[PDB]
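What follows is my_file07.cif (mmCIF, N, CA and C atoms).
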```cif
data_protein
#
loop_
_atom_site.label_atom_id
_atom_site.label_comp_id
_atom_site.auth_asym_id
_atom_site.auth_seq_id
_atom_site.Cartn_x
_atom_site.Cartn_y
_atom_site.Cartn_z
N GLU A 20 40.36 25.36 -32.86
CA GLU A 20 39.72 24.16 -32.32
C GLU A 20 39.62 24.24 -30.81
N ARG A 21 39.44 25.45 -30.28
CA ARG A 21 39.36 25.68 -28.85
C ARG A 21 37.95 26.01 -28.39
N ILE A 22 37.16 26.71 -29.21
CA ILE A 22 35.79 27.05 -28.82
C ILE A 22 34.96 25.80 -28.61
N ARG A 23 35.13 24.81 -29.49
CA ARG A 23 34.45 23.53 -29.31
C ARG A 23 34.89 22.81 -28.05
N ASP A 24 36.07 23.15 -27.51
CA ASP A 24 36.57 22.54 -26.29
C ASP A 24 36.25 23.36 -25.04
N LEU A 25 35.74 24.58 -25.20
CA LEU A 25 35.44 25.45 -24.07
C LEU A 25 33.95 25.63 -23.82
N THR A 26 33.11 25.38 -24.82
CA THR A 26 31.68 25.64 -24.72
C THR A 26 30.88 24.45 -25.24
N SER A 27 29.57 24.52 -25.02
CA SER A 27 28.61 23.59 -25.57
C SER A 27 27.48 24.38 -26.22
N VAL A 28 26.86 23.79 -27.23
CA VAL A 28 25.81 24.46 -27.98
C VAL A 28 24.47 24.19 -27.31
N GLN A 29 23.64 25.23 -27.22
CA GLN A 29 22.34 25.10 -26.57
C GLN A 29 21.43 24.21 -27.40
N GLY A 30 20.79 23.24 -26.75
CA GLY A 30 19.97 22.27 -27.42
C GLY A 30 20.70 21.03 -27.89
N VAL A 31 22.02 21.08 -27.97
CA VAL A 31 22.84 19.93 -28.35
C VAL A 31 23.32 19.31 -27.04
N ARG A 32 22.52 18.38 -26.51
CA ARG A 32 22.79 17.78 -25.21
C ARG A 32 22.54 16.28 -25.28
N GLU A 33 22.99 15.59 -24.24
CA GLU A 33 22.87 14.14 -24.12
C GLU A 33 21.88 13.79 -23.02
N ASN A 34 21.13 12.72 -23.22
CA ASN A 34 20.19 12.24 -22.21
C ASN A 34 20.66 10.88 -21.69
N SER A 35 19.99 10.40 -20.64
CA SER A 35 20.35 9.15 -20.00
C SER A 35 19.20 8.16 -20.11
N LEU A 36 19.51 6.93 -20.50
CA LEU A 36 18.52 5.87 -20.67
C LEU A 36 18.86 4.71 -19.75
N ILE A 37 17.83 4.09 -19.18
CA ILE A 37 17.99 2.99 -18.25
C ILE A 37 17.03 1.87 -18.63
N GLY A 38 17.39 0.64 -18.27
CA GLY A 38 16.53 -0.49 -18.55
C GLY A 38 16.95 -1.71 -17.77
N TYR A 39 16.09 -2.72 -17.80
CA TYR A 39 16.32 -3.98 -17.10
C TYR A 39 16.43 -5.12 -18.11
N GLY A 40 17.33 -6.06 -17.86
CA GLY A 40 17.48 -7.18 -18.76
C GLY A 40 18.03 -8.41 -18.07
N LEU A 41 18.18 -9.47 -18.86
CA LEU A 41 18.74 -10.73 -18.41
C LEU A 41 19.97 -11.06 -19.25
N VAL A 42 21.01 -11.57 -18.60
CA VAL A 42 22.25 -11.95 -19.25
C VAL A 42 22.41 -13.45 -19.09
N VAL A 43 22.52 -14.15 -20.22
CA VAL A 43 22.59 -15.60 -20.25
C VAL A 43 23.92 -16.02 -20.87
N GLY A 44 24.23 -17.31 -20.74
CA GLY A 44 25.47 -17.85 -21.25
C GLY A 44 26.63 -17.80 -20.28
N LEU A 45 26.37 -17.64 -18.99
CA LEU A 45 27.43 -17.62 -17.99
C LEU A 45 27.84 -19.04 -17.62
N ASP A 46 29.08 -19.18 -17.16
CA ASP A 46 29.64 -20.49 -16.82
C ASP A 46 29.44 -20.80 -15.34
N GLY A 47 28.17 -20.85 -14.94
CA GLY A 47 27.84 -21.11 -13.56
C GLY A 47 28.12 -19.96 -12.62
N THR A 48 28.23 -18.74 -13.15
CA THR A 48 28.56 -17.56 -12.36
C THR A 48 27.42 -16.55 -12.38
N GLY A 49 26.19 -17.03 -12.54
CA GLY A 49 25.02 -16.18 -12.57
C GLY A 49 24.36 -16.06 -11.21
N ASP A 50 23.12 -15.59 -11.24
CA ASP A 50 22.36 -15.40 -10.01
C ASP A 50 22.08 -16.74 -9.34
N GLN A 51 21.94 -16.70 -8.02
CA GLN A 51 21.53 -17.89 -7.28
C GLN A 51 20.03 -18.12 -7.42
N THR A 52 19.27 -17.05 -7.67
CA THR A 52 17.84 -17.08 -7.99
C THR A 52 17.00 -17.53 -6.80
N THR A 53 17.64 -17.91 -5.70
CA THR A 53 16.93 -18.13 -4.45
C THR A 53 16.87 -16.88 -3.59
N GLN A 54 17.89 -16.03 -3.66
CA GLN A 54 17.89 -14.73 -3.00
C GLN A 54 17.49 -13.60 -3.94
N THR A 55 17.26 -13.90 -5.22
CA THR A 55 16.86 -12.90 -6.21
C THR A 55 15.64 -13.43 -6.96
N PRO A 56 14.44 -13.28 -6.38
CA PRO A 56 13.24 -13.81 -7.04
C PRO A 56 12.94 -13.16 -8.38
N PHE A 57 13.37 -11.91 -8.59
CA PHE A 57 13.01 -11.21 -9.82
C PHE A 57 13.67 -11.83 -11.04
N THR A 58 14.84 -12.46 -10.88
CA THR A 58 15.48 -13.13 -12.00
C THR A 58 14.58 -14.23 -12.56
N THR A 59 14.12 -15.13 -11.69
CA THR A 59 13.24 -16.20 -12.13
C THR A 59 11.89 -15.67 -12.58
N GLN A 60 11.38 -14.63 -11.91
CA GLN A 60 10.10 -14.06 -12.32
C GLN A 60 10.16 -13.51 -13.74
N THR A 61 11.22 -12.77 -14.06
CA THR A 61 11.35 -12.20 -15.39
C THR A 61 11.72 -13.25 -16.44
N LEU A 62 12.45 -14.30 -16.05
CA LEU A 62 12.67 -15.40 -16.98
C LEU A 62 11.35 -16.09 -17.33
N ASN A 63 10.50 -16.30 -16.32
CA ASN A 63 9.17 -16.87 -16.58
C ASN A 63 8.34 -15.93 -17.45
N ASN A 64 8.45 -14.62 -17.22
CA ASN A 64 7.75 -13.66 -18.07
C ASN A 64 8.20 -13.78 -19.52
N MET A 65 9.51 -13.87 -19.74
CA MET A 65 10.03 -14.00 -21.10
C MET A 65 9.57 -15.29 -21.75
N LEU A 66 9.61 -16.39 -21.00
CA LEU A 66 9.16 -17.68 -21.54
C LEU A 66 7.67 -17.65 -21.87
N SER A 67 6.86 -17.03 -21.01
CA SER A 67 5.43 -16.90 -21.29
C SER A 67 5.19 -16.06 -22.54
N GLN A 68 5.97 -14.99 -22.71
CA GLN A 68 5.86 -14.19 -23.93
C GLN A 68 6.24 -15.02 -25.15
N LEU A 69 7.24 -15.89 -25.02
CA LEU A 69 7.66 -16.73 -26.14
C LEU A 69 6.77 -17.94 -26.34
N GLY A 70 5.85 -18.24 -25.42
CA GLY A 70 4.90 -19.31 -25.62
C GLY A 70 5.03 -20.50 -24.69
N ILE A 71 5.85 -20.38 -23.66
CA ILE A 71 6.09 -21.46 -22.70
C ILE A 71 5.58 -21.01 -21.34
N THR A 72 4.65 -21.76 -20.78
CA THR A 72 4.04 -21.44 -19.49
C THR A 72 4.54 -22.44 -18.45
N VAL A 73 5.53 -22.04 -17.67
CA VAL A 73 6.00 -22.87 -16.56
C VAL A 73 5.01 -22.79 -15.41
N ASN B 59 -0.50 -8.22 -36.66
CA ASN B 59 0.49 -7.65 -35.76
C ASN B 59 -0.19 -7.09 -34.52
N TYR B 60 0.33 -7.47 -33.35
CA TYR B 60 -0.19 -6.99 -32.07
C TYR B 60 0.71 -5.93 -31.44
N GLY B 61 1.63 -5.37 -32.22
CA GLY B 61 2.48 -4.30 -31.73
C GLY B 61 3.62 -4.80 -30.87
N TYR B 62 4.36 -3.83 -30.33
CA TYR B 62 5.50 -4.14 -29.47
C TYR B 62 5.03 -4.77 -28.17
N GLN B 63 5.73 -5.81 -27.74
CA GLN B 63 5.41 -6.52 -26.50
C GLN B 63 6.69 -6.67 -25.69
N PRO B 64 6.76 -6.12 -24.48
CA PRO B 64 7.97 -6.28 -23.66
C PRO B 64 8.22 -7.74 -23.31
N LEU B 65 9.50 -8.08 -23.19
CA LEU B 65 9.91 -9.46 -22.95
C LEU B 65 9.92 -9.82 -21.47
N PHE B 66 10.59 -9.01 -20.65
CA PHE B 66 10.74 -9.33 -19.23
C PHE B 66 9.73 -8.64 -18.33
N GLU B 67 8.97 -7.68 -18.85
CA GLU B 67 7.99 -6.99 -18.02
C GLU B 67 6.79 -7.89 -17.73
N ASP B 68 6.24 -7.74 -16.53
CA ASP B 68 5.07 -8.51 -16.14
C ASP B 68 3.89 -8.18 -17.05
N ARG B 69 3.08 -9.20 -17.36
CA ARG B 69 1.95 -9.02 -18.25
C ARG B 69 0.88 -8.20 -17.55
N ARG B 70 0.68 -6.97 -18.02
CA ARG B 70 -0.30 -6.04 -17.48
C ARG B 70 -1.27 -5.62 -18.57
N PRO B 71 -2.51 -5.28 -18.21
CA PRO B 71 -3.40 -4.65 -19.19
C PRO B 71 -2.89 -3.26 -19.54
N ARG B 72 -2.92 -2.94 -20.84
CA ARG B 72 -2.35 -1.68 -21.30
C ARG B 72 -3.31 -0.92 -22.20
N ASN B 73 -4.18 -1.63 -22.91
CA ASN B 73 -5.06 -1.03 -23.90
C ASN B 73 -6.50 -1.46 -23.64
N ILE B 74 -7.42 -0.84 -24.39
CA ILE B 74 -8.83 -1.19 -24.30
C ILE B 74 -9.03 -2.61 -24.80
N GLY B 75 -9.78 -3.41 -24.05
CA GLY B 75 -10.02 -4.79 -24.38
C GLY B 75 -9.14 -5.78 -23.65
N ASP B 76 -8.11 -5.31 -22.94
CA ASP B 76 -7.25 -6.20 -22.17
C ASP B 76 -7.96 -6.66 -20.90
N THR B 77 -7.61 -7.86 -20.45
CA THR B 77 -8.26 -8.49 -19.31
C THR B 77 -7.39 -8.40 -18.07
N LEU B 78 -8.05 -8.40 -16.91
CA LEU B 78 -7.38 -8.28 -15.62
C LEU B 78 -8.19 -9.04 -14.57
N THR B 79 -7.49 -9.74 -13.68
CA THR B 79 -8.15 -10.54 -12.65
C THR B 79 -8.28 -9.73 -11.37
N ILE B 80 -9.52 -9.59 -10.89
CA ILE B 80 -9.82 -8.91 -9.64
C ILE B 80 -10.15 -9.98 -8.61
N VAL B 81 -9.41 -9.98 -7.50
CA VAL B 81 -9.69 -10.84 -6.36
C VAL B 81 -10.54 -10.03 -5.40
N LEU B 82 -11.84 -10.31 -5.39
CA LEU B 82 -12.77 -9.61 -4.51
C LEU B 82 -12.57 -10.12 -3.09
N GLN B 83 -12.03 -9.26 -2.22
CA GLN B 83 -11.83 -9.58 -0.81
C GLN B 83 -12.16 -8.32 0.00
N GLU B 84 -13.42 -8.23 0.41
CA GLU B 84 -13.91 -7.10 1.18
C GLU B 84 -14.29 -7.56 2.58
N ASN B 85 -13.86 -6.79 3.58
CA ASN B 85 -14.16 -7.09 4.99
C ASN B 85 -14.25 -5.75 5.72
N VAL B 86 -15.48 -5.25 5.87
CA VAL B 86 -15.73 -3.96 6.52
C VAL B 86 -16.61 -4.20 7.73
N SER B 87 -16.28 -3.56 8.84
CA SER B 87 -17.03 -3.73 10.08
C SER B 87 -16.90 -2.45 10.90
N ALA B 88 -18.03 -1.79 11.16
CA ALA B 88 -18.07 -0.60 11.99
C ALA B 88 -19.10 -0.77 13.09
N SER B 89 -18.84 -0.16 14.24
CA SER B 89 -19.73 -0.28 15.39
C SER B 89 -19.61 0.96 16.25
N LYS B 90 -20.70 1.28 16.95
CA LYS B 90 -20.72 2.38 17.90
C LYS B 90 -21.77 2.09 18.95
N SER B 91 -21.53 2.58 20.17
CA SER B 91 -22.47 2.41 21.27
C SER B 91 -22.22 3.49 22.30
N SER B 92 -23.27 3.85 23.02
CA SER B 92 -23.17 4.86 24.07
C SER B 92 -24.31 4.68 25.05
N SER B 93 -24.15 5.28 26.23
CA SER B 93 -25.18 5.23 27.26
C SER B 93 -24.96 6.38 28.23
N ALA B 94 -26.01 6.69 28.99
CA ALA B 94 -25.96 7.72 30.01
C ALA B 94 -26.97 7.37 31.09
N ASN B 95 -26.69 7.78 32.32
CA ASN B 95 -27.59 7.51 33.43
C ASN B 95 -27.43 8.59 34.48
N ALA B 96 -28.48 8.75 35.29
CA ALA B 96 -28.46 9.68 36.40
C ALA B 96 -29.45 9.21 37.45
N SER B 97 -29.06 9.34 38.72
CA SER B 97 -29.91 8.87 39.80
C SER B 97 -29.81 9.84 40.97
N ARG B 98 -30.88 9.89 41.75
CA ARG B 98 -30.95 10.78 42.91
C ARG B 98 -31.95 10.19 43.90
N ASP B 99 -31.50 9.95 45.13
CA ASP B 99 -32.36 9.42 46.18
C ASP B 99 -32.19 10.29 47.42
N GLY B 100 -33.31 10.71 48.00
CA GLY B 100 -33.26 11.53 49.20
C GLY B 100 -34.32 11.15 50.22
N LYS B 101 -33.90 10.91 51.46
CA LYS B 101 -34.80 10.60 52.55
C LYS B 101 -34.49 11.51 53.72
N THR B 102 -35.54 12.01 54.37
CA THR B 102 -35.37 12.90 55.52
C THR B 102 -36.49 12.63 56.51
N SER B 103 -36.16 12.73 57.80
CA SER B 103 -37.14 12.48 58.84
C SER B 103 -36.75 13.23 60.11
N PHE B 104 -37.75 13.51 60.93
CA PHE B 104 -37.54 14.05 62.27
C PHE B 104 -38.74 13.68 63.12
N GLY B 105 -38.49 13.12 64.30
CA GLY B 105 -39.55 12.75 65.20
C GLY B 105 -39.23 13.02 66.65
N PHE B 106 -40.21 13.54 67.39
CA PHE B 106 -40.09 13.79 68.82
C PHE B 106 -40.98 12.77 69.53
N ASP B 107 -40.37 11.67 69.97
CA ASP B 107 -41.14 10.61 70.62
C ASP B 107 -41.65 11.05 71.98
N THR B 108 -40.78 11.62 72.80
CA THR B 108 -41.14 12.16 74.11
C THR B 108 -40.71 13.62 74.15
N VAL B 109 -41.66 14.51 74.40
CA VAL B 109 -41.42 15.95 74.41
C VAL B 109 -41.45 16.43 75.86
N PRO B 110 -40.38 17.05 76.36
CA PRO B 110 -40.43 17.63 77.70
C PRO B 110 -41.42 18.78 77.76
N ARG B 111 -41.85 19.09 78.99
CA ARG B 111 -42.92 20.07 79.17
C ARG B 111 -42.53 21.44 78.61
N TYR B 112 -41.33 21.91 78.92
CA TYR B 112 -40.91 23.23 78.47
C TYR B 112 -40.77 23.32 76.96
N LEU B 113 -40.76 22.19 76.26
CA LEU B 113 -40.72 22.17 74.80
C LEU B 113 -42.08 21.87 74.18
N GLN B 114 -43.09 21.57 75.00
CA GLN B 114 -44.38 21.12 74.47
C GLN B 114 -44.93 22.09 73.45
N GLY B 115 -45.02 23.37 73.81
CA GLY B 115 -45.60 24.37 72.92
C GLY B 115 -44.88 24.50 71.60
N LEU B 116 -43.63 24.06 71.52
CA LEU B 116 -42.89 24.08 70.27
C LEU B 116 -42.85 22.74 69.56
#
```
Write out the structure in this file as structure tokens.
Amino acid sequence: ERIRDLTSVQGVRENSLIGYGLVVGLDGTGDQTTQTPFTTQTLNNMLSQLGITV
Amino acid sequence: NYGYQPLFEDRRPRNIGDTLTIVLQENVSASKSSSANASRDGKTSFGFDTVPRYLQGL
């Protein structure tokens, strides 16, 4: 059980994924949204997608 | 079904038939000008009002 600990197999590799999201349900410890316009912009985007146009 | 739609991404046109708003704001202004000039004035004179005798022949 040492070769598996010393080498890696060609083609058997890991990639990296990134994305943007919103986290809700905080107890008043979220963004101020006055210094972060993108939070409100993306919340409005989500609401518009769901059918609400602010 | 209209396919996958991102939740937080800004609404952009992605496929054929999608609409987009163009704000036409064009302001173009070009100009050019040039000139050239040249001048030349020349005056010359010589007169012998009173000629002494020894200079008369000349």
List as JSON lines every residue of chain B that is in contact with chain A, defined as an atom at most 7 Å from one of its atoms (using all atoms listed in the file), together with the nearest atom pair and the distance in Å rounded to one decimal, sorted by chain and then rising number.
```
{"residue": "B:64", "atom": "C", "partner": "A:65", "partner_atom": "CA", "distance": 6.9}
{"residue": "B:65", "atom": "C", "partner": "A:65", "partner_atom": "CA", "distance": 4.2}
{"residue": "B:66", "atom": "CA", "partner": "A:65", "partner_atom": "N", "distance": 4.7}
{"residue": "B:67", "atom": "C", "partner": "A:64", "partner_atom": "CA", "distance": 5.9}
{"residue": "B:68", "atom": "CA", "partner": "A:64", "partner_atom": "CA", "distance": 6.1}
{"residue": "B:69", "atom": "N", "partner": "A:64", "partner_atom": "CA", "distance": 6.5}
```
Taking all atoms of range 56-67 of chain A that the file lists and extending 6 Å past them on each side, where is the centre of the axis-aligned box and how long are its edges? Answer in Å to one decimal, as AutoDock Vina command-line options.
```
--center_x 10.3 --center_y -14.4 --center_z -14.5 --size_x 22.3 --size_y 18.5 --size_z 28.2
```
Figure out the distance between atom N of residue 70 in chain A and atom N of residue 42 in chain A, please, to one decimal in Å.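 About the pair atom N of residue 42 in chain A and atom N of residue 70 in chain A: they are 17.9 Å apart.
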Helix (DSSP H, G or I) per DSSP on the backbone: members of chain A, as a ChimeraX atom specification: /A:22-25,56-69
